[PDB]
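Structure data (compact mmCIF, N, CA and C atoms and all ligand atoms) from query.txt:
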# COMPACT_ATOMS: atom_id res chain seq x y z
N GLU A 1 -14.12 32.89 73.31
CA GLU A 1 -15.52 32.86 72.93
C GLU A 1 -15.96 31.48 72.42
N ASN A 2 -17.27 31.33 72.28
CA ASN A 2 -17.89 30.07 71.92
C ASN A 2 -18.53 30.21 70.54
N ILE A 3 -18.46 29.17 69.72
CA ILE A 3 -19.07 29.26 68.38
C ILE A 3 -19.94 28.02 68.23
N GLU A 4 -21.20 28.24 67.88
CA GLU A 4 -22.14 27.12 67.81
C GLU A 4 -22.28 26.61 66.38
N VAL A 5 -22.26 25.29 66.21
CA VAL A 5 -22.34 24.67 64.88
C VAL A 5 -23.45 23.64 64.89
N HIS A 6 -24.33 23.60 63.90
CA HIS A 6 -25.38 22.58 63.93
C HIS A 6 -25.08 21.48 62.90
N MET A 7 -25.46 20.25 63.21
CA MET A 7 -25.33 19.09 62.31
C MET A 7 -26.73 18.75 61.81
N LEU A 8 -26.94 18.81 60.50
CA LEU A 8 -28.26 18.64 59.90
C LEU A 8 -28.27 17.65 58.73
N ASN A 9 -29.44 17.06 58.49
CA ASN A 9 -29.65 16.17 57.34
C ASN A 9 -29.66 16.92 56.02
N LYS A 10 -30.11 18.17 56.06
CA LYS A 10 -30.19 19.01 54.87
C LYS A 10 -29.99 20.48 55.22
N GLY A 11 -29.12 21.16 54.51
CA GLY A 11 -28.90 22.59 54.78
C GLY A 11 -28.73 23.32 53.45
N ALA A 12 -28.11 24.48 53.51
CA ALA A 12 -27.89 25.33 52.36
C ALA A 12 -27.07 24.62 51.30
N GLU A 13 -26.06 23.85 51.71
CA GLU A 13 -25.26 23.23 50.66
C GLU A 13 -25.74 21.86 50.20
N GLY A 14 -26.83 21.31 50.72
CA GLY A 14 -27.29 19.99 50.31
C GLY A 14 -27.56 19.09 51.50
N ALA A 15 -27.50 17.77 51.32
CA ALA A 15 -27.68 16.80 52.37
C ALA A 15 -26.43 16.64 53.26
N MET A 16 -26.66 16.35 54.54
CA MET A 16 -25.63 16.02 55.50
C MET A 16 -24.58 17.12 55.64
N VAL A 17 -24.90 18.18 56.40
CA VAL A 17 -23.95 19.30 56.48
C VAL A 17 -23.70 19.76 57.92
N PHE A 18 -22.59 20.47 58.09
CA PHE A 18 -22.30 21.17 59.34
C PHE A 18 -22.64 22.62 59.00
N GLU A 19 -23.27 23.40 59.85
CA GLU A 19 -23.50 24.83 59.57
C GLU A 19 -23.10 25.64 60.81
N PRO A 20 -22.12 26.51 60.72
CA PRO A 20 -21.34 26.77 59.52
C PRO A 20 -20.33 25.65 59.22
N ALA A 21 -19.77 25.63 58.02
CA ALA A 21 -18.79 24.59 57.70
C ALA A 21 -17.38 25.18 57.78
N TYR A 22 -17.33 26.49 57.98
CA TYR A 22 -16.07 27.21 58.11
C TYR A 22 -16.09 27.97 59.43
N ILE A 23 -15.15 27.62 60.30
CA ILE A 23 -15.17 28.18 61.65
C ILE A 23 -13.85 28.87 61.96
N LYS A 24 -13.90 30.17 62.23
CA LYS A 24 -12.67 30.90 62.54
C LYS A 24 -12.53 31.01 64.04
N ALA A 25 -11.39 30.60 64.60
CA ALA A 25 -11.35 30.65 66.06
C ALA A 25 -9.96 31.03 66.55
N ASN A 26 -9.82 31.20 67.87
CA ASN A 26 -8.47 31.45 68.39
C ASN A 26 -8.19 30.45 69.51
N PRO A 27 -6.95 30.20 69.88
CA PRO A 27 -6.67 29.21 70.94
C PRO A 27 -7.40 29.57 72.22
N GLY A 28 -8.01 28.60 72.87
CA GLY A 28 -8.78 28.89 74.06
C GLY A 28 -10.25 29.03 73.73
N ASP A 29 -10.64 29.22 72.47
CA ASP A 29 -12.07 29.30 72.16
C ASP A 29 -12.73 27.93 72.22
N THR A 30 -14.05 27.88 72.31
CA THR A 30 -14.72 26.59 72.27
C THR A 30 -15.62 26.52 71.03
N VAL A 31 -15.78 25.30 70.51
CA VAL A 31 -16.72 25.07 69.40
C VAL A 31 -17.73 24.05 69.92
N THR A 32 -18.99 24.44 69.93
CA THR A 32 -20.07 23.58 70.44
C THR A 32 -20.85 23.01 69.27
N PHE A 33 -20.80 21.70 69.12
CA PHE A 33 -21.46 20.96 68.04
C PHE A 33 -22.81 20.45 68.51
N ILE A 34 -23.87 20.86 67.83
CA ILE A 34 -25.21 20.46 68.29
C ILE A 34 -25.94 19.65 67.25
N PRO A 35 -26.23 18.39 67.49
CA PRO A 35 -26.92 17.63 66.44
C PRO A 35 -28.42 17.91 66.45
N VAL A 36 -28.86 18.76 65.52
CA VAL A 36 -30.27 19.10 65.44
C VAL A 36 -31.09 17.97 64.82
N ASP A 37 -30.46 17.16 63.98
CA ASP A 37 -31.11 15.96 63.44
C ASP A 37 -30.37 14.77 64.04
N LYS A 38 -30.98 13.62 64.22
CA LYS A 38 -30.28 12.46 64.78
C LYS A 38 -29.34 11.76 63.80
N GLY A 39 -28.32 11.08 64.29
CA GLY A 39 -27.42 10.32 63.43
C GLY A 39 -26.05 10.90 63.18
N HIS A 40 -25.76 12.06 63.75
CA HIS A 40 -24.51 12.75 63.46
C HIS A 40 -23.59 12.86 64.68
N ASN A 41 -22.30 13.01 64.39
CA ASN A 41 -21.29 13.16 65.43
C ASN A 41 -20.14 13.99 64.84
N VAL A 42 -19.03 14.11 65.54
CA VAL A 42 -17.90 14.87 64.97
C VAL A 42 -16.63 14.13 65.33
N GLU A 43 -15.70 14.02 64.39
CA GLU A 43 -14.47 13.26 64.60
C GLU A 43 -13.34 13.92 63.83
N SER A 44 -12.17 14.07 64.42
CA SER A 44 -11.04 14.67 63.71
C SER A 44 -10.51 13.67 62.66
N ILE A 45 -10.09 14.19 61.52
CA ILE A 45 -9.58 13.33 60.45
C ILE A 45 -8.07 13.16 60.58
N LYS A 46 -7.62 11.91 60.46
CA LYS A 46 -6.23 11.55 60.56
C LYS A 46 -5.37 12.32 59.56
N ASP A 47 -4.29 12.91 60.07
CA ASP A 47 -3.33 13.67 59.26
C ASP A 47 -3.94 15.00 58.83
N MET A 48 -5.10 15.38 59.39
CA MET A 48 -5.67 16.67 58.97
C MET A 48 -6.01 17.57 60.16
N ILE A 49 -5.20 17.50 61.21
CA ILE A 49 -5.27 18.36 62.39
C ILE A 49 -3.83 18.74 62.71
N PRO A 50 -3.64 19.88 63.34
CA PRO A 50 -2.27 20.39 63.54
C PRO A 50 -1.40 19.45 64.36
N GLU A 51 -0.09 19.61 64.12
CA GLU A 51 0.85 18.82 64.92
C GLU A 51 0.72 19.26 66.37
N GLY A 52 0.55 18.27 67.25
CA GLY A 52 0.47 18.64 68.65
C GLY A 52 -0.92 18.70 69.24
N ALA A 53 -1.90 18.60 68.35
CA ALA A 53 -3.32 18.60 68.70
C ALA A 53 -3.79 17.18 69.00
N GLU A 54 -4.78 17.02 69.87
CA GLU A 54 -5.24 15.67 70.19
C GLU A 54 -6.40 15.28 69.30
N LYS A 55 -6.42 14.01 68.90
CA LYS A 55 -7.54 13.57 68.07
C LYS A 55 -8.79 13.49 68.93
N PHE A 56 -9.97 13.51 68.31
CA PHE A 56 -11.18 13.48 69.12
C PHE A 56 -12.28 12.81 68.29
N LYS A 57 -13.26 12.28 68.99
CA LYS A 57 -14.42 11.61 68.41
C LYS A 57 -15.56 11.69 69.43
N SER A 58 -16.63 12.37 69.08
CA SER A 58 -17.80 12.50 69.95
C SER A 58 -18.78 11.35 69.80
N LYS A 59 -19.70 11.25 70.76
CA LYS A 59 -20.71 10.19 70.68
C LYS A 59 -21.87 10.63 69.79
N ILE A 60 -22.48 9.73 69.04
CA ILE A 60 -23.59 10.09 68.15
C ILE A 60 -24.74 10.72 68.95
N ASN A 61 -25.33 11.76 68.40
CA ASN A 61 -26.45 12.50 68.95
C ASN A 61 -26.13 13.31 70.19
N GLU A 62 -24.88 13.33 70.64
CA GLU A 62 -24.46 14.09 71.81
C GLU A 62 -24.03 15.51 71.46
N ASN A 63 -24.37 16.46 72.33
CA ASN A 63 -23.83 17.81 72.14
C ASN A 63 -22.34 17.68 72.50
N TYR A 64 -21.46 18.26 71.70
CA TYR A 64 -20.04 18.12 72.03
C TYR A 64 -19.32 19.45 72.02
N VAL A 65 -18.52 19.69 73.06
CA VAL A 65 -17.81 20.96 73.16
C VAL A 65 -16.32 20.72 72.95
N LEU A 66 -15.80 21.29 71.87
CA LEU A 66 -14.38 21.11 71.56
C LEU A 66 -13.64 22.35 72.02
N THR A 67 -12.58 22.21 72.81
CA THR A 67 -11.74 23.36 73.13
C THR A 67 -10.53 23.34 72.18
N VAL A 68 -10.29 24.40 71.43
CA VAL A 68 -9.17 24.37 70.49
C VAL A 68 -7.97 25.08 71.12
N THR A 69 -6.84 24.37 71.05
CA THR A 69 -5.65 24.96 71.67
C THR A 69 -4.57 25.21 70.65
N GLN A 70 -4.21 24.23 69.84
CA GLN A 70 -3.16 24.48 68.84
C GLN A 70 -3.61 25.28 67.64
N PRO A 71 -2.81 26.25 67.22
CA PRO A 71 -3.12 27.00 66.00
C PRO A 71 -2.97 26.06 64.79
N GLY A 72 -3.60 26.43 63.68
CA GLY A 72 -3.58 25.61 62.48
C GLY A 72 -5.01 25.32 62.04
N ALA A 73 -5.10 24.52 60.98
CA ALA A 73 -6.37 24.12 60.40
C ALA A 73 -6.72 22.71 60.85
N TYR A 74 -8.01 22.47 61.03
CA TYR A 74 -8.53 21.18 61.43
C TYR A 74 -9.68 20.80 60.48
N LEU A 75 -9.60 19.60 59.90
CA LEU A 75 -10.76 19.19 59.10
C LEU A 75 -11.45 18.09 59.92
N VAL A 76 -12.74 18.29 60.18
CA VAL A 76 -13.48 17.30 60.95
C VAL A 76 -14.59 16.73 60.06
N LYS A 77 -15.07 15.55 60.46
CA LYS A 77 -16.15 14.93 59.69
C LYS A 77 -17.19 14.37 60.68
N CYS A 78 -18.32 13.99 60.14
CA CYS A 78 -19.32 13.18 60.80
C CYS A 78 -18.86 11.74 60.44
N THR A 79 -18.69 10.89 61.43
CA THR A 79 -18.18 9.54 61.16
C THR A 79 -19.09 8.81 60.19
N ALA A 80 -20.39 9.04 60.32
CA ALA A 80 -21.36 8.36 59.47
C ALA A 80 -21.43 8.94 58.07
N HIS A 81 -21.46 10.27 57.92
CA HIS A 81 -21.73 10.86 56.62
C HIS A 81 -20.53 11.49 55.93
N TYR A 82 -19.31 11.13 56.33
CA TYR A 82 -18.10 11.64 55.69
C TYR A 82 -18.09 11.46 54.18
N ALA A 83 -18.37 10.24 53.73
CA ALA A 83 -18.38 9.99 52.28
C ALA A 83 -19.49 10.73 51.56
N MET A 84 -20.51 11.24 52.26
CA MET A 84 -21.53 12.05 51.61
C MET A 84 -21.19 13.54 51.65
N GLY A 85 -20.02 13.90 52.16
CA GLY A 85 -19.54 15.27 52.19
C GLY A 85 -19.64 16.03 53.49
N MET A 86 -20.04 15.41 54.58
CA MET A 86 -20.29 16.11 55.83
C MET A 86 -19.00 16.42 56.58
N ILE A 87 -18.47 17.62 56.33
CA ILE A 87 -17.21 18.04 56.97
C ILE A 87 -17.28 19.50 57.39
N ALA A 88 -16.35 19.95 58.23
CA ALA A 88 -16.27 21.36 58.57
C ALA A 88 -14.76 21.63 58.69
N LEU A 89 -14.37 22.87 58.43
CA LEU A 89 -12.95 23.24 58.56
C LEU A 89 -12.84 24.27 59.68
N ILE A 90 -11.99 24.00 60.65
CA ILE A 90 -11.76 24.94 61.75
C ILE A 90 -10.38 25.54 61.52
N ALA A 91 -10.34 26.86 61.46
CA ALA A 91 -9.13 27.65 61.25
C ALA A 91 -8.78 28.38 62.55
N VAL A 92 -7.72 27.93 63.21
CA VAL A 92 -7.30 28.56 64.47
C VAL A 92 -6.10 29.47 64.23
N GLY A 93 -6.29 30.77 64.50
CA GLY A 93 -5.18 31.71 64.40
C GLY A 93 -5.05 32.12 62.94
N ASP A 94 -4.07 32.95 62.59
CA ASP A 94 -4.00 33.36 61.20
C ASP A 94 -3.00 32.55 60.38
N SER A 95 -3.22 32.54 59.08
CA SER A 95 -2.43 31.81 58.10
C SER A 95 -2.06 30.40 58.56
N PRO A 96 -3.04 29.52 58.76
CA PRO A 96 -2.81 28.17 59.29
C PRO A 96 -1.77 27.44 58.42
N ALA A 97 -0.70 27.00 59.06
CA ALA A 97 0.43 26.44 58.31
C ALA A 97 0.09 25.18 57.50
N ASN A 98 -0.89 24.42 57.95
CA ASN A 98 -1.21 23.12 57.32
C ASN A 98 -2.40 23.16 56.39
N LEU A 99 -2.91 24.36 56.07
CA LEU A 99 -4.09 24.42 55.21
C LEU A 99 -3.81 23.89 53.81
N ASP A 100 -2.73 24.32 53.15
CA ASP A 100 -2.49 23.85 51.78
C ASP A 100 -2.31 22.33 51.74
N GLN A 101 -1.73 21.78 52.79
CA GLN A 101 -1.56 20.33 52.91
C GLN A 101 -2.93 19.65 52.98
N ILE A 102 -3.82 20.19 53.81
CA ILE A 102 -5.15 19.60 53.95
C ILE A 102 -5.91 19.66 52.64
N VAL A 103 -5.80 20.77 51.92
CA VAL A 103 -6.49 20.86 50.63
C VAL A 103 -6.01 19.83 49.62
N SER A 104 -4.71 19.54 49.70
CA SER A 104 -4.13 18.57 48.77
C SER A 104 -4.33 17.13 49.19
N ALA A 105 -4.64 16.84 50.46
CA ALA A 105 -4.71 15.46 50.94
C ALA A 105 -5.77 14.63 50.24
N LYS A 106 -5.56 13.32 50.22
CA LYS A 106 -6.53 12.45 49.56
C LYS A 106 -7.84 12.42 50.36
N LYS A 107 -8.96 12.52 49.67
CA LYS A 107 -10.26 12.46 50.33
C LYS A 107 -11.34 12.27 49.26
N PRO A 108 -12.53 11.84 49.65
CA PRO A 108 -13.60 11.59 48.68
C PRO A 108 -13.88 12.83 47.84
N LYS A 109 -14.31 12.58 46.61
CA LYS A 109 -14.47 13.68 45.66
C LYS A 109 -15.47 14.71 46.15
N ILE A 110 -16.54 14.16 46.74
CA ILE A 110 -17.60 15.02 47.24
C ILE A 110 -17.08 15.88 48.38
N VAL A 111 -16.21 15.30 49.19
CA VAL A 111 -15.64 16.10 50.28
C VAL A 111 -14.80 17.23 49.71
N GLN A 112 -13.94 16.88 48.74
CA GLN A 112 -13.06 17.88 48.13
C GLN A 112 -13.86 19.03 47.54
N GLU A 113 -15.00 18.76 46.89
CA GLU A 113 -15.77 19.85 46.31
C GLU A 113 -16.32 20.77 47.38
N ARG A 114 -16.83 20.19 48.47
CA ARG A 114 -17.34 21.11 49.50
C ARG A 114 -16.26 21.93 50.18
N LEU A 115 -15.14 21.27 50.45
CA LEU A 115 -14.02 21.95 51.12
C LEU A 115 -13.58 23.15 50.28
N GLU A 116 -13.49 22.90 48.97
CA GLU A 116 -13.04 23.98 48.07
C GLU A 116 -14.05 25.11 48.08
N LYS A 117 -15.33 24.79 48.18
CA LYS A 117 -16.32 25.86 48.25
C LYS A 117 -16.21 26.59 49.58
N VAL A 118 -16.11 25.84 50.68
CA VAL A 118 -16.03 26.48 51.98
C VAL A 118 -14.83 27.41 52.08
N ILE A 119 -13.69 27.02 51.55
CA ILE A 119 -12.47 27.83 51.58
C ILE A 119 -12.56 29.07 50.71
N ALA A 120 -13.32 28.97 49.61
CA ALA A 120 -13.47 30.11 48.71
C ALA A 120 -14.72 30.89 49.10
N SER A 121 -15.85 30.27 48.75
CA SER A 121 -17.13 30.90 49.04
C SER A 121 -17.61 30.61 50.47
N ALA A 122 -16.88 31.10 51.46
CA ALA A 122 -17.15 30.97 52.88
C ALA A 122 -15.94 31.29 53.76
N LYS A 123 -14.91 31.92 53.21
CA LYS A 123 -13.70 32.24 53.96
C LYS A 123 -13.85 33.53 54.77
CU CU B 201 -23.82 12.69 60.04

I need this file expressed as structure tokens, please.
Ligand SMILES: [Cu+2]
Amino acid sequence: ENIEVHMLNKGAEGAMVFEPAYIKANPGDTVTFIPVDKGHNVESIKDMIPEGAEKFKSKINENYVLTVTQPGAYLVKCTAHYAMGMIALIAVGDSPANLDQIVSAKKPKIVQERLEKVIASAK
């Protein structure tokens, strides 16, 4: 199946967000990223995607379709607004082995606060 995500300047959680920011999927599913406001893109974060998965980076303002194959957790960002908190977490399959690692990894404070909310109040 396909899951649609929008990139916006302002959403429910504040400025610069992915909606939804928590995406549950299975291998073979697609995630379609649609920039409803200009200036956004999607890029996998180094050391925060499963072992065996390929890194990716979309073009700004382009609709992008990600096919997820490896199970595990993926943290993605908008290349431009990462430091302002613009991230989404993709959970492929159950009990993603690398989730606790991703939660502990170094990242901007604002990112950490949103991630913690998405994992709790959005799981
Ligand atoms: Cu952005």

Please compute the atom N of residue A:46-atom CA of residue A:118 distance, one decimal, in Å.
18.8 Å

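Using all atoms listed in the file, the nearest neighbour of ligand CU 201 (chain B) within the list A:25, A:41, A:99, A:94 is A:41.
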
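From atom CA of residue A:11 back to atom N of residue A:97, the distance works out to 28.9 Å.
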
Protein and nucleic acid residues near (-16.3, 28.2, 55.1) (cut-off 7 Å, only C-alpha atoms) as JSON, numbers by chain:
{"A": [20, 21, 22, 23, 89, 118, 119, 121, 122, 123]}

Top pick for closest residue to ligand CU 201 (chain B), considering A:75, A:48, A:5, A:17 and counting only N, CA and C atoms and all ligand atoms:
A:17

Kindly provide, as number ranges by chain, all nucleotide and amino acid residues lying within 6 Å of ligand CU 201 (chain B), counting only N, CA and C atoms and all ligand atoms.
A: 16, 39-41, 78-81

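The gap separating atom CA of residue A:71 from atom CA of residue A:104 is 19.2 Å, in Å to one decimal.
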
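Every protein, DNA or RNA residue with an atom at most 8 Å from residue A:55, where all atoms listed in the file count and chain neighbours fewer than 5 positions away do not, is listed here: residues 43, 44, 45, 46 and 49 of chain A.
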
Using only N, CA and C atoms, please write the residues we just selected to a file, as an mmCIF file, keeping the file's coordinate frame.
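Now in again-v3.cif:
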data_model
loop_
_atom_site.group_PDB
_atom_site.id
_atom_site.type_symbol
_atom_site.label_atom_id
_atom_site.label_comp_id
_atom_site.auth_asym_id
_atom_site.auth_seq_id
_atom_site.Cartn_x
_atom_site.Cartn_y
_atom_site.Cartn_z
ATOM 1 N N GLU A 43 -15.700 14.020 64.390
ATOM 2 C CA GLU A 43 -14.470 13.260 64.600
ATOM 3 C C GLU A 43 -13.340 13.920 63.830
ATOM 4 N N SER A 44 -12.170 14.070 64.420
ATOM 5 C CA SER A 44 -11.040 14.670 63.710
ATOM 6 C C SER A 44 -10.510 13.670 62.660
ATOM 7 N N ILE A 45 -10.090 14.190 61.520
ATOM 8 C CA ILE A 45 -9.580 13.330 60.450
ATOM 9 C C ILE A 45 -8.070 13.160 60.580
ATOM 10 N N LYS A 46 -7.620 11.910 60.460
ATOM 11 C CA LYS A 46 -6.230 11.550 60.560
ATOM 12 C C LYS A 46 -5.370 12.320 59.560
ATOM 13 N N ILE A 49 -5.200 17.500 61.210
ATOM 14 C CA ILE A 49 -5.270 18.360 62.390
ATOM 15 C C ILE A 49 -3.830 18.740 62.710
#

If we count all atoms listed in the file, what is near stretch 57-69 of chain A at a cut-off of 8 Å, once residues fewer than 4 positions away on the same chain are taken out, given as a PyMOL selection string?
chain A and resi 25-44+52-53+92

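Restricting the calculation to all atoms listed in the file, the smallest distance between residue A:82 and any of A:50, A:111, A:3, A:117 is found for A:111.
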
N, CA, C and O atoms for stretch 16-30 of chain A, written as a CSV table (one decimal), in the coordinates of the input, could you do that?
chain,number,residue,atom,x,y,z
A,16,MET,N,-26.7,16.4,54.5
A,16,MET,CA,-25.6,16.0,55.5
A,16,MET,C,-24.6,17.1,55.6
A,16,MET,O,-23.5,17.0,55.0
A,17,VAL,N,-24.9,18.2,56.4
A,17,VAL,CA,-24.0,19.3,56.5
A,17,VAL,C,-23.7,19.8,57.9
A,17,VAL,O,-24.5,19.6,58.8
A,18,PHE,N,-22.6,20.5,58.1
A,18,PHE,CA,-22.3,21.2,59.3
A,18,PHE,C,-22.6,22.6,59.0
A,18,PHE,O,-22.2,23.1,57.9
A,19,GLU,N,-23.3,23.4,59.8
A,19,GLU,CA,-23.5,24.8,59.6
A,19,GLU,C,-23.1,25.6,60.8
A,19,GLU,O,-23.7,25.4,61.9
A,20,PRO,N,-22.1,26.5,60.7
A,20,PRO,CA,-21.3,26.8,59.5
A,20,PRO,C,-20.3,25.6,59.2
A,20,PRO,O,-20.1,24.8,60.1
A,21,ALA,N,-19.8,25.6,58.0
A,21,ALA,CA,-18.8,24.6,57.7
A,21,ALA,C,-17.4,25.2,57.8
A,21,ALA,O,-16.4,24.5,57.6
A,22,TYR,N,-17.3,26.5,58.0
A,22,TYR,CA,-16.1,27.2,58.1
A,22,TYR,C,-16.1,28.0,59.4
A,22,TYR,O,-17.0,28.8,59.7
A,23,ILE,N,-15.2,27.6,60.3
A,23,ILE,CA,-15.2,28.2,61.6
A,23,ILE,C,-13.8,28.9,62.0
A,23,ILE,O,-12.8,28.2,61.9
A,24,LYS,N,-13.9,30.2,62.2
A,24,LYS,CA,-12.7,30.9,62.5
A,24,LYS,C,-12.5,31.0,64.0
A,24,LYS,O,-13.5,31.3,64.8
A,25,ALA,N,-11.4,30.6,64.6
A,25,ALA,CA,-11.4,30.6,66.1
A,25,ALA,C,-10.0,31.0,66.6
A,25,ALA,O,-9.0,31.1,65.8
A,26,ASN,N,-9.8,31.2,67.9
A,26,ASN,CA,-8.5,31.4,68.4
A,26,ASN,C,-8.2,30.4,69.5
A,26,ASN,O,-9.2,29.8,70.0
A,27,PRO,N,-7.0,30.2,69.9
A,27,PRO,CA,-6.7,29.2,70.9
A,27,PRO,C,-7.4,29.6,72.2
A,27,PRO,O,-7.5,30.8,72.5
A,28,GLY,N,-8.0,28.6,72.9
A,28,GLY,CA,-8.8,28.9,74.1
A,28,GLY,C,-10.2,29.0,73.7
A,28,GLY,O,-11.1,28.9,74.6
A,29,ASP,N,-10.6,29.2,72.5
A,29,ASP,CA,-12.1,29.3,72.2
A,29,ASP,C,-12.7,27.9,72.2
A,29,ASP,O,-12.0,26.9,72.1
A,30,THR,N,-14.0,27.9,72.3
A,30,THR,CA,-14.7,26.6,72.3
A,30,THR,C,-15.6,26.5,71.0
A,30,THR,O,-16.2,27.5,70.5
